[PDB]
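Heads up: the structure comes next, in structure tokens.
All Cβ positions, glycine included, derive from the backbone under ideal geometry; neighbour counts span all protein chains shown. Just so it is clear, none of the values below were taken in a lab; they were calculated from the coordinates.
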């Protein structure tokens, strides 16, 4: 289809934000692949440049030797193709210290019917594609 039930979109938007804004070394290869499959080509390129170890703000750098786990608070539809995802991150240091921070992502998505490999299709079975994306901290402390 062109579109799916909002719960399906919430499911994939949750997957997307958890994978993109979290960081755990053991899941990192998978998460990068997942975000890449779930992004338009243009957004994937933007994501990859951001994620590169060359970028000072890359999660590979800012969360080096840390874990960051995302908990989704809410997903709101601003329109048929535009959502707001509020979440928090729990960041754990090597010393065990945890910090919680609050964030919101805004993203534009669609579903594209394409033929891709069976393996990739099972990760993204409905062709979910994020075309534009931002994530900002919220004022909540």
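What whole number of Å gives the distance from the Cα centroid of region 43-72 to the Cα centroid of region 84-141?
When both Cα centres are located, 12 Å separates them.
Within 10 Å, count the other beta carbons around each residue, average over each peptide in 134-140, 15-21, 123-129, and list them highest first.
Going by the mean number of other Cβ atoms within 10 Å, highest first, we get 15-21, 123-129, 134-140.
Can you sort 133, 4 from fewest to most other Cβ atoms within 10 Å of each residue's own Cβ?
4, 133
Which value, in nm² and rounded to one decimal, describes the direction-averaged projected area of the C-alpha convex hull of the chain?
Averaged projected area of the chain's Cα convex hull equals 8.8 nm².
Quick check: residue separation of residue 135 and residue 73 times 0.36 nm, minus the Cα distance between them. What number comes out in nm?
Taking residue 135 through residue 73 to full extension adds about 20.9 nm, to one decimal.
Pairs of alpha-carbon atoms within less than 8 angstrom and 6+ residues apart define the contacts here; what relative contact order does the chain have, in percent?
Averaging sequence separation for qualifying contacts and normalising by length gives 24 percent for the chain.
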